[PDB]
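We begin with a single chain expressed as structure tokens, specifically the form deposited in one PDB entry.
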């Protein structure tokens, strides 16, 4: 049961973006593919472990709303091959080209993101960076969740606007939980329903960090659209609760959106 792709089969075309954590290219392998590969000559143990982990997580996922993993390649140079996505991120849609989705679609995008996050959490995978930049709107109608580090456009301020207060505070070595993912989703729901990023009235990054952290600052829920249903606004408020253990988990979140999805 292997996923290694023999060398010389992958063609690498355009370079889409580069981090210190890898370089993404558009490529060809049995069709269009994205190739994330370490541009280095000799992978260090930490990088090789980073690679083994990403592959380990990606091959546990087979769900329509998660970016399809297709193979890896160690032979010439460490590389991960996924499906090539088409269109743009949810971030780009809401905050750059400013596309205007009907309410029926906004709610759909929520639903699908919720489906995917329910799936990850069922397999006990915590994303730790769910945000509209990492939600690709494939063919303009299927949510693909991934980690698109710099392959898609950057947020205003890592990425602070989606961090739950317990994460911002950084109380201990691991403040991440299914519930921190839920809060992040909560912000994505804010984005969908408002069309905007939170805290747009504040020009200082450290102040946002400080205040969200102490519970002094929270998303202004009055900026949601008239036609956004009360169920959705209520669910949004529950997800954004400042107390981790007061937040709902995705099975219920999914169930809530599914219910308001009819009618």
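Under this definition, the rigid core comprises the largest set of C-alpha atoms superposing within 1.5 Å between the forms. Numbering follows the first chain given and starts at 1. Shifts are known only where both forms have a C-alpha.
A second form of this protein, the form deposited in another entry, is not displayed here; the remarks below concern that form.
Asks: Of 180, 112, 134, 73, which is the single residue whose C-alpha shifts by 2 angstroms or more between the shown form and the other one after core superposition?
Replies: Spelled out, the residue whose C-alpha shifts by 2 Å or more is 73.
Asks: Quick check on residue 148: with the core superposed, does its CA move 2 angstroms or more between the shown form and the other one?
Replies: The answer is yes, as the C-alpha of residue 148 shifts between the shown form and the other one by 2 Å or more after core alignment.
Asks: I want to check residue 12: does it shift between the shown form and the other one by 2 Å or more at the Cα, with the core superposed?
Replies: Result for residue 12: yes, a 2 Å-plus shift.
Asks: Does residue 27 move appreciably between the shown form and the other one, meaning a CA displacement of 2 Å or more on the superposed rigid core?
Replies: Where the cores coincide, residue 27 still shows a C-alpha shift between the shown form and the other one that is 2 Å or more.
Asks: Are residue 129 and residue 20 closer or farther apart at their Cα atoms in the other entry than shown, with the shift being 3 Å or more?
Replies: So the answer is closer.
Asks: Given a CA distance change of at least 3 Å, are residue 20 and residue 95 closer or farther in the other entry?
Replies: They are closer; the C-alpha distance drops by 3 Å or more in the other entry.
Asks: Give the residue ranges, in sequence order, where three or more consecutive C-alphas each shift by 2 Å or more between the shown form and the other one after rigid core alignment.
Replies: Moving regions between the shown form and the other one: 1 to 55, 68 to 84, 148 to 157, 172 to 174.
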